[PDB]
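Chains A and A', in that order, give the protein sequences. A prime marks a further copy of an entry chain.
Letter 165 of the first sequence, counting from 1, is numbered 161 in the authors' numbering, and no numbers are missing.
Letter 258 of the second sequence, counting from 1, is numbered 254 in the authors' numbering, and no numbers are missing.
For every residue, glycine included, the Cβ atom is placed at its ideal position computed from N, Cα and C.
Worksheet: one structure, shown below.
There are 2 protein chains.
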Amino acid sequence: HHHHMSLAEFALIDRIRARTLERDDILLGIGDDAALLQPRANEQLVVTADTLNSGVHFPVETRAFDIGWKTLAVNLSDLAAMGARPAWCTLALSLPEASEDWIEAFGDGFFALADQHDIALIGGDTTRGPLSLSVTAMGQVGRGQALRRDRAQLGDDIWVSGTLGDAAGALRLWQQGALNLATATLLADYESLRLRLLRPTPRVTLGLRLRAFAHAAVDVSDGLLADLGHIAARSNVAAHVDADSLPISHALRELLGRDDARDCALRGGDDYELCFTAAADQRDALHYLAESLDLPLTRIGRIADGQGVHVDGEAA
Amino acid sequence: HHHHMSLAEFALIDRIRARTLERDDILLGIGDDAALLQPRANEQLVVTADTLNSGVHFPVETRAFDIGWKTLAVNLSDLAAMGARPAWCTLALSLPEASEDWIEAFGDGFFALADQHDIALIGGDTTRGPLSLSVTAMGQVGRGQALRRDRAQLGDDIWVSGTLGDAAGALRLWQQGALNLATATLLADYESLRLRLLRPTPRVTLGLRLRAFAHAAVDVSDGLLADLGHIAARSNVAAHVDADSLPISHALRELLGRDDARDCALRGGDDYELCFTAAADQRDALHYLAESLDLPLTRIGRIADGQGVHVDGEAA
Ligand code: NA
Ligand code: NA
């Protein structure tokens, strides 16, 4: 055994081709074993890759649709933080056993998210092994248009999209035995947290607009403090966070205690939100942008002389 | 846990940067979290992806250097069969435990092969999980220059590079208890087979020249019959193989019986040779090419009216 199945053999090939037929930058005919891709000549390519392993990056009971969604969402969130326009991706699936129905359901979730951001699956592998999903996503950026982590400026405001800590809250409730991840619950606050863990929303549209407003950006996937820490270190500045200002969802505040909710918001994994810095005179414009996107953008802190990320004045 | 480590955090980042510094199509500075890639404007990109899983695609005792070599070799062999020029790749490593020395040795093998074909590692992931290595390789082709599986012509000769069945022979000897894969042996024929399994040679240089000579091509990784089968099916022709003509190495003939060696050559996994078809009047030129490349090219059969791959006249 150990055969590698590339394109044409993919269980998803019909849905793959349906999407390449409507893309003038992808040549993939019925009788084609690999796609020919046409980059934009004056743009640059950026490439991200992430592997999600069963039991590590998702609880084993996570359903196929949610695995398909989240595997792509991680990569799209990476591309968002660079302000890159998603173009193409590959998918390398390791499965212990053939399961036609599982792959179809995985494809449901993958394409549900992929279609929203016009990223086209154009190749990959299906082979035997412990359940592991590796996605490589390719995006494009105009010259000098990429967002970076090293360009925060003294006096900048710090901003973050969406809400922080929901996924960590769902994970904690699941570990305490209070939340089933494999089925939908009618209890609205639990279901909200469940879907923030299972189906994070990559802020691609925001990322594509931030170049016009922001100085530096990072995606928040290892917790706000860790990821803002990359901005502070790469930019050679201090970052100050006002913990009271953090955007905390209704459900997180309702279902977790004050301290646990705060810890989730500051240090929780897997938010897949965007944290960025902007000149103070962008405040009006960023509030307008949040309304335009129907996406919360919350001013949470400031960039200042010194080093390290601070919470309420303390960097220790 | 479950953190994803991308570029800048890679244990291999110093060797990565040493190689991007000498590539004018890759922008990756010391203070850069992701590379910007510049495609050739008039060329098309093709992308391949393969995952190798411990115990599945390589015996668990395979050493780190050989895992690094073979993981890339699979992808380069895919690119070779398309006549694509390798450009860039990503590497997504799942490791059960941090091991600095293992990753360094893996990098030795990866870069040993990558440097020979001027393919640059430009990103990827390192994360926790059962040992699994997923590589995405990006190559480029001029307009209409890609080799294809569907263009064999009636009357073509069938050709194959190198030798067939060595890797399968080593695997059989290992399964019978006669070959240790984790250490070098001084016994020359065993060592030859061992390295054909552990370190296959992707025929990239051949692939880049075949467009000038060949009609159709495929890489042989699931055995000659399976892979030539793709040419026959996609081209709507019969392929006839003369089994007596197959290139069988000294070591394979010496260490396996006549029947086992024949079965390895016809159906053995993991040769990573190239099988192609060419007009009969290319015979002189292809012998000259083999001399030029110091690479055996062996005429093994013919394309004819009918369907399916035949051995000594039989397609059953
Ligand atoms: Na198309
Ligand atoms: Na360079």
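Using a Cβ-based criterion (distance less than 8 Å to any ligand heavy atom), does residue i qualify as near ligand 1?
{"i": "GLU18 of chain A", "result": "yes"}
{"i": "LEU270 of chain A'", "result": "no"}
Can you tell me where the beta strand (DSSP E) holding residue i begins and where it ends?
{"i": "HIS236 of chain A'", "result": "234 to 237"}
{"i": "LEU127 of chain A'", "result": "Looking at the DSSP string, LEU127 of chain A' is not in any beta strand (DSSP E), and its letter there is neither H nor E."}
{"i": "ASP46 of chain A'", "result": "40 to 49"}
{"i": "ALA88 of chain A'", "result": "81 to 91"}
Residue i by DSSP, collapsed to three states: which one?
{"i": "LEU33 of chain A'", "result": "strand"}
{"i": "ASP218 of chain A'", "result": "coil"}
{"i": "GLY138 of chain A'", "result": "coil"}
{"i": "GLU310 of chain A", "result": "strand"}
{"i": "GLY119 of chain A", "result": "strand"}
{"i": "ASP153 of chain A", "result": "strand"}
{"i": "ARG192 of chain A", "result": "helix"}
{"i": "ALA133 of chain A'", "result": "strand"}
{"i": "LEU23 of chain A'", "result": "strand"}
{"i": "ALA210 of chain A'", "result": "coil"}
Assuming contact is defined by CB atoms lying nearer than 9 Å, are residue i and residue j in contact in what I supplied?
{"i": "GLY64 of chain A'", "j": "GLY105 of chain A'", "result": "yes"}
{"i": "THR132 of chain A'", "j": "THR44 of chain A'", "result": "yes"}
{"i": "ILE115 of chain A", "j": "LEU68 of chain A", "result": "yes"}
{"i": "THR123 of chain A", "j": "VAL52 of chain A'", "result": "yes"}
{"i": "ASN49 of chain A", "j": "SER128 of chain A", "result": "yes"}
{"i": "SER245 of chain A", "j": "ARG190 of chain A", "result": "no"}
{"i": "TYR284 of chain A'", "j": "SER73 of chain A'", "result": "no"}
{"i": "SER130 of chain A", "j": "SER95 of chain A", "result": "no"}
{"i": "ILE296 of chain A", "j": "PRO243 of chain A", "result": "yes"}
{"i": "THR58 of chain A'", "j": "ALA247 of chain A'", "result": "no"}
{"i": "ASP153 of chain A'", "j": "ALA275 of chain A'", "result": "yes"}
{"i": "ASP20 of chain A'", "j": "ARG36 of chain A'", "result": "no"}
{"i": "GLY165 of chain A'", "j": "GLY219 of chain A'", "result": "no"}
{"i": "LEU33 of chain A", "j": "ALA83 of chain A", "result": "yes"}
{"i": "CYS271 of chain A", "j": "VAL307 of chain A", "result": "no"}
{"i": "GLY103 of chain A", "j": "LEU24 of chain A", "result": "no"}
{"i": "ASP121 of chain A", "j": "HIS0 of chain A", "result": "yes"}
{"i": "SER157 of chain A", "j": "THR294 of chain A", "result": "yes"}
Below 8 Å, is the gap between the Cβ of residue i and the nearest heavy atom of ligand 2?
{"i": "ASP21 of chain A'", "result": "yes"}
{"i": "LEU24 of chain A'", "result": "yes"}
In terms of residues, what are the limits of the alpha helix (DSSP H) holding residue i?
{"i": "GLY304 of chain A", "result": "Premise fails: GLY304 of chain A lies in the beta strand (DSSP E), 304 to 307, not in any alpha helix (DSSP H)."}
{"i": "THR201 of chain A'", "result": "200 to 206"}
{"i": "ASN71 of chain A", "result": "60 to 77"}
{"i": "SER288 of chain A", "result": "279 to 289"}
{"i": "residue 334 of chain A", "result": "Because residue 334 of chain A is not part of the residues shown, which for chain A are -3 to 312, the question remains open."}
{"i": "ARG295 of chain A", "result": "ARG295 of chain A -> not in any alpha helix (DSSP H); beta strand (DSSP E) instead, spanning 293 to 300."}
{"i": "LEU251 of chain A'", "result": "246 to 251"}
{"i": "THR16 of chain A", "result": "9 to 16"}
{"i": "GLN171 of chain A'", "result": "162 to 171"}
{"i": "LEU270 of chain A", "result": "It is not in any alpha helix (DSSP H) - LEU270 of chain A instead sits in the beta strand (DSSP E) that spans 269 to 274."}
{"i": "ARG263 of chain A'", "result": "254 to 263"}
Three Cβ pairs or more, each shorter than 8 Å: is that satisfied between the region 197 to 205 of chain A' and the region 78 to 87 of chain A'?
yes
Counting Cβ pairs closer than 8 Å, one from the region 144 to 155 of chain A and one from the region 26 to 34 of chain A, do we hit at least three?
By the Cβ test, the region 144 to 155 of chain A is not in contact with the region 26 to 34 of chain A, since fewer than three Cβ pairs between them sit closer than 8 Å.
The region 278 to 290 of chain A contacting the region 232 to 243 of chain A, beta-carbon criterion three pairs below 8 Å
no
Using 8 Å as the cut-off, can you tell me whether the region 149 to 166 of chain A makes contact with the region 244 to 262 of chain A, which would need three or more C-beta pairs spanning the two stretches below that distance?
Short answer: they touch.
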